[PDB]
Amino acid sequence: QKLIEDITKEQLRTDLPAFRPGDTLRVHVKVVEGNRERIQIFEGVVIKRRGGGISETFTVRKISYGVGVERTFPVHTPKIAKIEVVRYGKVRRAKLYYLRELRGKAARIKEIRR
Amino acid sequence: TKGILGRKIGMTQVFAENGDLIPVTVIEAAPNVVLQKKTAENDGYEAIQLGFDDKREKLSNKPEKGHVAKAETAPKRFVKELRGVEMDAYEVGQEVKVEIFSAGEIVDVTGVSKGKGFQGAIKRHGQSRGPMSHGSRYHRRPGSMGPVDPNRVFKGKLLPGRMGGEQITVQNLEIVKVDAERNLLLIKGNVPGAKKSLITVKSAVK
Amino acid sequence: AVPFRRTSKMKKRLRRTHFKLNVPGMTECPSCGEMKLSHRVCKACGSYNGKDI
Amino acid sequence: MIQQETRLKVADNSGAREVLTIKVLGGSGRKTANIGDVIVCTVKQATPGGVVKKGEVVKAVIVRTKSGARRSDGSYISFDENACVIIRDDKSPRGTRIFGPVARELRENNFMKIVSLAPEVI
Amino acid sequence: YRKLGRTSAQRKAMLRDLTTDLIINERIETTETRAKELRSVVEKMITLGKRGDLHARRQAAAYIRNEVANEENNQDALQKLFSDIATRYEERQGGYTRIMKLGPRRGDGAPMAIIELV
Amino acid sequence: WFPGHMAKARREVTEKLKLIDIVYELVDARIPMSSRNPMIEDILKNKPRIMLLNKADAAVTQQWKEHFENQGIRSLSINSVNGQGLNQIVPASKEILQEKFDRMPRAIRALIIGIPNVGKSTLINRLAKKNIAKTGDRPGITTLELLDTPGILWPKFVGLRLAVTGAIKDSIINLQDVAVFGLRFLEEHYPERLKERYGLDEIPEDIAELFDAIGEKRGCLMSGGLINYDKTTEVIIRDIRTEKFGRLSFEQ
RNA sequence: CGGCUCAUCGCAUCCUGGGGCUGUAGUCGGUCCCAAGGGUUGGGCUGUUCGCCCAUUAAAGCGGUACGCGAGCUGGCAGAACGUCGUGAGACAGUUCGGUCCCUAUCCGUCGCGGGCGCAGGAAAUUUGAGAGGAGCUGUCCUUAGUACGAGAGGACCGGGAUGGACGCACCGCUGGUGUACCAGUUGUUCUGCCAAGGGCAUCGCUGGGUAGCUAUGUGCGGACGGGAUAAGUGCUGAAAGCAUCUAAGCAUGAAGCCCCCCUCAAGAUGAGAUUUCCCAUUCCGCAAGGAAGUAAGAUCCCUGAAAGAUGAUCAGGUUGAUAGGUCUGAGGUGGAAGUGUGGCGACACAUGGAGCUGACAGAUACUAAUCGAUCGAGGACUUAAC
Ligand SMILES: Nc1nc2c(ncn2[C@@H]2O[C@H](COP(=O)(O)OP(=O)(O)NP(=O)(O)O)[C@@H](O)[C@H]2O)c(=O)[nH]1
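Residue numbers (the working numbering), protein chains in the order written: chain F, 2 to 115; chain P, 135 to 340; chain G, 127 to 179; chain Z, 18 to 139; chain Y, 17 to 134; chain B, 3 to 254.
This is the structure we're talking about:
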């Protein structure tokens with residue numbers, strides 16, 4: 002796909018920080034409801050780190066008032082303002098799928114800070 | 135009514151000045167070179183013989199060797215025409231690239247489908263399944279041919295055959311971005327064709 | 127299902143047409159021989175493109 | 018991806034608990050409803066002292082899908098506990114206030130009264 | 017890749033024993049289709065031999081079966097690689113084997129070939 | 003709420019409403035007035051018919067009987083286990099119907115209908131001295147000179163007071179209905195009766211909380227200490243139909 | 001018997017289109033013609049057609065084809081219980097459960113895909129399009145506009161503009177599923193001498209992920225613009241018939257019908273089309289008619305492959321070469337190897353280190369494998385015109 006990857010870097014964003022798959026980061030999402038931008042800061046833990054060049058992706062799980070909210074924020078998108086890390090956490094793998102279940106006190110064992 | 139035709143490579147995403155994660159196609163073809171002008175008074179109608187992906191003398195042939203000296207171009211492959219183009223700006227030897235297309239212009243694609251091989255009735259003709267339990271062994275089979283009194287089968291009743299290898303038109307598609315240096319057209323949506331196969335990119339027939 | 131008829135003495139002789147198998151490829155050996163299947167080492171000489179194996 | 022005969026949960030203070038779908042209002046024939054569709058509903062378990070009762074049949078709005086609510090803008094939202102709001106007639110709910118968050122997919126339609134009572138819109 | 021007519025648990029053991037039988041005798045008569053698949057795994061064995069790591073040994077050890085390989089030395093199949101096969105193929109990069117094909121046998125219709133180390 | 007099993011059957015059966023001399027109607031002794039059938043009220047005119055209120059096991063029954071009797075209809079309570087009240091219904095077939103007994107030795111053929119699961123299938127075997135058929139579910143059968151064991155029920159479907167005797171189907175139509183209503187009759191009419199079956203000291207106000215007070219005494223839990231609602235629905239209808247609470251009325 | 005697959009079909013139309021007349025102020029209506037192009041539901045409860053109920057929808061159209069279709073599916077007679085009748089044996093378009101209907105496709109039909117041969121010379125490509133097939137649905141919402149309307153309430157028409165559903169076609173970049181030679185974690189025993197690290201087997205040992213390809217629930221897109229001729233009509237001109245007329249002459253107008261416009265296959269369309277470009281007009285036997293024999297142009301045998309594929313074929317390629325594999329440099333994946341060192345009584349932790357590993361995904365690289373060879377394949381008949 003060598004004749005594709007040249008066009009990709011020109012649209013790619015480098016302003017991201019690098020991050021482990023299992024951690025907590027904060028993200029700022031530019032929202033355009035009407036005319037005023039309600040720039041909100043969504044923070045929490047991350048699960049997926051499935052690649053894709055242009056289409057590198059991640060997921061954000063955040064518990065909200067008794068229920069978690071899966072966030073599929075796109076890495077390569079101008080609607081992202083800034084990604085700011087919080088917890089460099091010891092996670093055994095790159096797929097934290099099982100914390101869609103043990104949602105309670107299992108976020109500590111997986112967030113051994115480093 | 136214009137048109138280039140070229141190989142495809144892959145599938146990408148391009149978002150431009152919005153959140154629009156648009157699926158894009160990888161249509162990259164070289165500057166097409168008009169081979170031979172069909173005129174109406176000589177050959178019934180007007181057309182443009184077009185060429186693409188020119189090879190070398192290993193696959194050349196004294197028939198196709200003289201096929202290009204009128205146009206003075208290397209012997210290429212996939213020689214097709216375009217029944218709809220103008221008979222003014224398309225002389226014998228003229229070279230056409232991607233500089234013809236720009237942003238916000240309806241296009242048309244006719245391309246060779248994927249060959250899925252000899253499938254069944256289900257994935258070829260959209261046939262649903264029978265019941266998988268409750269005694270009935272019957273499923274994955276195209277049902278009765280129909281009535282009795284005809285003592286025959288209606289030609290047109292569906293049956294598992296080999297599906298693929300024919301053209302598919304898709305109309306009403308758009309261009310998001312052009313890049314002349316790598317000679318790339320970018321199409322919003324998805325376009326029929328497996329990788330390394332030719333794609334006629336014609337103007338979206340309004 | 128059942129063959130409803132005997133097939134003919136015609137059509138049976140008219141069925142075996144595309145059944146008879148083709149001639150296999152035969153190439154003249156480049157050292158001591160007379161015939162050898164293309165692309166493959168003959169068992170007579172056991173040599174391939176000037177190589178004893 | 019709601020379907021017919023799907024178990025739903027209450028997100029408002031209607032006193033209801035468990036909701037079984039009957040038919041997807043959206044279109045005709047289709048049984049798949051993602052977000053914001055109008056879903057006619059029945060009630061399998063409810064607290065008694067409240068606005069509605071057990072087994073009542075009413076109309077409702079989907080709030081939470083486990084399946085992917087997907088924007089045009091590349092963003093994605095999926096909830097965990099598939100909940101639903103209990104509305105009456107118009108786009109005004111029959112509830113007092115909302116248990117928990119609702120997605121921001123109600124902007125397309127005129128559901129902008131339940132978004133006002135939201136503790137969170139993402 | 018070809019399924020080689022056996023199931024998977026048979027398939028992984030279908031070929032490991034061939035690799036032992038390859039690097040010992042250096043020259044096997046084999047059914048050509050099984051031979052055609054085999055060359056693209058044993059060149060991965062030989063190039064893994066050309067590292068010389070102990071880590072290079074154990075990945076081969078998970079593959080190569082511990083046959084007694086060469087007589088009166090007690091050279092193992094492992095211990096024939098990194099002392100003799102690596103130095104025999106120091107300069108040549110890729111293309112450690114070939115498939116010269118032979119005719120079919122008497123009672124199979126199966127086409128044959130010969131796999132050597134070159 | 004019921005198919006072509008009672009309505010469709012009666013439609014074709016209603017064609018024998020001229021050879022029938024005496025009609026035997028059936029209403030519930032626990033709830034009289036909803037246990038009529040307004041579809042069979044329209045087919046049965048100008049026939050002497052006697053009302054029966056079976057499974058009588060008394061104060062409310064007699065009171066209602068008095069008002070019913072003055073209504074134009076005769077009401078005679080019978081039994082399904084013991085032989086009491088059957089000595090006034092046997093002689094009433096030749097006394098009340100004296101218009102077709104000595105006018106011409108013609109037979110006395112009776113049509114027995116009304117509400118299902120209230121004493122219709124058990125009205126033939128004690129009037130005789132042999133069993134015929136019986137079901138403890140909502141349904142029955144599809145059959146003195148007597149060939150009459152069908153069912154009237156209701157062609158089109160107040161129901162809160164209906165299903166407490168279990169006259170309808172309850173596989174899954176509604177189970178929480180008899181839970182939410184029937185305890186209020188134990189709350190409003192006979193509050194003292196609940197204090198002994200599960201050992202409660204005082205009836206609380208939350209009718210959902212009294213389930214958990216009952217159900218933890220029961221033990222039909224579902225998961226991790228949670229008492230199941232639907233199992234506790236069963237243990238209330240299992241007791242009221244076997245008259246574990248005693249003789250209770252419904253309408254006054 | 002009723003369903004399930006699947007259909008196709010009639011019009012005596014269920015809705016959507018086109019007008020008529022009413023009880024249509026406007027909105028909304030019943031009812032009668034045109035119309036068969038599509039489109040015409042999901043549950044409880046019913047043997048189930050009967051019927052009942054709920055929620056729908058633009059509305060859940062009638063009906064035919066062995067009451068459409070069991071070599072495609074779908075049991076959905078002996079024993080009993082019974083009642084009743086007959087003394088009894090045993091009866092019953094009487095009631096309830098328990099209860100086995102077979103097929104490798106010869107032919108014709110079908111759905112594909114080939115091979116021969118034709119098309120007055122071979123080839124190579126490009127196409128023409130008679131003719132056939134597919135596509136033909138709509139719902140909400142926003143303007144115009146509370147405008148036209150009517151004591152009011154009500155509130156469009158015509159016509160733009162968003163957004164759905166169903167359904168069809170394409171595709172893997174997102175979104176998830178799959179992945180049996182990928183990745184690690186771990187049990188039980190056995191196995192390489194032991195330790196360590198590994199192998200084998202146990203549904204692929206098991207659990208956690210996943211490239212590729214293939215995929216829908218995912219994504220893109222389709223049913224537009226229209227023209228032409230007609231129905232019911234709507235009319236204009238006027239005859240028969242001094243008025244007058246939808247009609248006779250003669251004009252128009254007017255439908256999702258119908259041709260045509262979109263799409264696809266289509267010169268074996270035996271009418272075998274047509275251009276473009278090759279290729280030569282040999283050697284020979286027979287008075288001649290001709291018959292061979294080499295070969296071009298070229299194709300193929302044969303060989304490595306897959307974008308192809310049940311095989312054939314198609315397509316990439318065959319040593320002035322990147323088709324495949326190996327090799328590298330990578331991508332993606334899992335993700336912290338072994339060894340060593342440290343720390344811990346140890347189980348294990350931490351360090352070297354986003355490590356090590358990797359199946360079809362890339363990109364370079366002749367290192368292997370595509371050798372060496374063979375076969376087929378044309379000399380263009382005959383009238384007559386114009387040249
Ligand atoms: N104690 C008591 N039990 C009764 C009385 N009547 C009926 N039962 C019991 O309740 C059950 C239901 O009676 P049944 O006559 O079968 O109800 P049904 O209305 O005739 N049903 P269907 O109309 O479908 O034939 C019987 O099994 C019987 O034992 C009664 O008067 N008293």
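We put the beta carbon where it would ideally sit given N, CA and C, even for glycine.
| Environment of ligand 1 in chain order, Cβ to heavy atom below 6 Å | Every residue whose Cβ sits closer than 6 Å to any heavy atom of ligand 1 is listed here in chain order: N56/B, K57/B, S82/B, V83/B, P118/B, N119/B, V120/B, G121/B, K122/B, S123/B, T124/B, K136/B, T137/B, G138/B, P141/B, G142/B, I143/B, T151/B and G153/B.
| query | When the distance is taken between beta carbons, is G254/P closer than 7 Å to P294/P? | reply | Contact flag set, yes.
| Closest Cβ-Cβ distance between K52/Y and chain G: below 7 Å? | No Cβ of chain G is located within less than 7 Å of the beta carbon of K52/Y.
| Residue of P206/B, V237/B and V182/B minimising C-alpha distance to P193/B | Taking only the C-alpha atoms, the option nearest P193/B is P206/B.
| query | From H191/B, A210/B and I216/B, pick the residue whose C-alpha is nearest to that of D203/B; which is it? | reply | The shortest C-alpha separation from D203/B is found at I216/B.
| Going by the beta-carbon positions, is the gap between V92/F and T25/F smaller than 7 Å? | No, they are not a contact pair.
| Selected residue, minimal CA-CA separation from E53/Y, among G65/Y, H71/Y and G21/Y | Ranking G65/Y, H71/Y and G21/Y by Cα distance to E53/Y puts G21/Y first.
| field | Bounding residues of the alpha helix (DSSP H) (the contiguous stretch that carries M61/Y) | value | Start and end: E48 to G65.
| request: To the nearest angstrom, report how far apart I52/Z and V335/P are at their CA atoms. | output: If you take the alpha carbons of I52/Z and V335/P, they lie about 37 Å apart.
| query | If you draw a straight line from the alpha carbon of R121/Z to that of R81/Z, how long is it in whole angstroms? | reply | Between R121/Z and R81/Z, the C-alpha separation is close to 11 Å.
| Which residue or residues does DSSP assign as beta-bridge partners of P75/F? | Partner(s): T58/F.
| said: Please state the DSSP three-state secondary structure of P197/P. | reply: Three-state result, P197/P: helix.
| Is the segment 206-223 of chain P touching the segment 300-319 of chain P in the sense that three or more CB pairs, one from each, lie closer than 8 Å? | Touching, no.
| Assuming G140/P contacts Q2/F under a Cβ cut-off of 8 Å, what Cβ separation, rounded to an integer in Å, is found between them? | With 8 Å as the limit, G140/P and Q2/F do not qualify as a contact, their Cβ atoms being about 16 Å apart.
| Is there at least one Cβ from chain Z nearer than 7 Å to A60/B's Cβ? | For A60/B, the answer is no, since every Cβ of chain Z falls outside 7 Å of its Cβ.
| Where the beta strand (DSSP E) through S225/B begins and ends | Looking at the DSSP string, the run of the beta strand (DSSP E) that includes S225/B is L223 to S225.
| message | I believe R76/B touches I115/B by the beta-carbon criterion, under 8 Å. Please report the beta-carbon distance rounded to the nearest angstrom. | response | 16 Å between Cβ atoms; not a contact.
| task | Determine the DSSP secondary structure at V32/F, reduced to helix, strand or coil. | result | Coil, per DSSP.
| request: Please state whether DSSP places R51/B in a helix, a strand or coil. | output: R51/B: strand per DSSP, three-state reduction.
| task | Please work out which residues of its chain come closer than 6 Å, Cβ to Cβ, to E190/B, disregarding the five sequence neighbours upstream and downstream, and give them in chain order. | result | Taking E190/B as the centre and dropping the five residues before and after it, the same chain places no C-beta closer than 6 Å to its C-beta.
| Listed in chain order, which residues of the segment 72-95 of chain F have Cβ atoms closer than 8 Å to some Cβ of chain Z? | Within the segment 72-95 of chain F, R72, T73, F74, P75, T78 and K80 place their CB atoms closer than 8 Å to a CB of chain Z, listed in sequence order.
| query | Taking Cβ positions only, does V167/G come closer than 7 Å to chain Y? | reply | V167/G counts as touching chain Y.
| Where DSSP assigns a beta bridge to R114/F, which residues make up the other side? | Paired residue(s): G90/F.
| request: For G23/F, count neighbouring Cβ atoms within 10 angstroms of its own Cβ and tell me buried if that reaches 16, exposed if not. | output: The residue is buried, with at least 16 neighbouring Cβ atoms inside 10 Å.
| field | Rounded separation between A72/Y and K248/P - CA only | value | Here the C-alpha atom of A72/Y lies approximately 43 Å from the C-alpha atom of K248/P.
| task | Excluding the 5 residues preceding and the 5 following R32/Y in the sequence, name in chain order all residues of the same chain whose CB lies nearer than 8 Å to its CB. | result | Same-chain partners within the cutoff: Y79, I80 and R81.
| request: With 9 Å as the limit, tell me which residues of the segment 81-98 of chain Z have their beta carbon closer than that to any beta carbon of chain P; keep them in chain order. | output: Taken in chain order, the members of the segment 81-98 of chain Z whose beta-carbon sits within less than 9 Å of a beta-carbon on chain P are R88, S89, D90, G91 and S92.
| said: If distances are taken between C-alpha atoms only, which option among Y98/F, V76/F and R50/F comes closest to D16/F? | reply: Answer by Cα proximity: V76/F.
| message | Less than 7 Å between CB atoms is the rule here; does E22/Z satisfy it with respect to chain F? | response | So, not an interface residue.
| message | What does the alpha-carbon distance come out to for the pair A94/B and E14/B? | response | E14/B has its alpha-carbon roughly 28 Å from the corresponding atom of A94/B.
| Cβ-based burial, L147/G [other Cβ within 10 Å; buried from 16] | Flag for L147/G reads exposed.
| query | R32/Y lies in the alpha helix (DSSP H); which residues open and close that run? | reply | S24 to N41 is the extent of the alpha helix (DSSP H) around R32/Y.
| message | What would DSSP say about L118/Y, mapped onto helix, strand or coil? | response | Here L118/Y sits in strand by DSSP.
| query | Listed in chain order, which residues of the segment 114-128 of chain Z have Cβ atoms closer than 9 Å to some Cβ of chain F? | reply | Answer in chain order: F116, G117, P118, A120, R121 and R124.
| Between the segment 103-116 of chain Y and the segment 116-123 of chain B, are three or more C-beta pairs nearer than 8 Å? | The segment 103-116 of chain Y is not in contact with the segment 116-123 of chain B.
| Can you find a CB in chain F that lies within less than 7 Å of the CB of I139/Z? | Chain F, which has a Cβ nearer than 7 Å to the Cβ of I139/Z, makes this yes.
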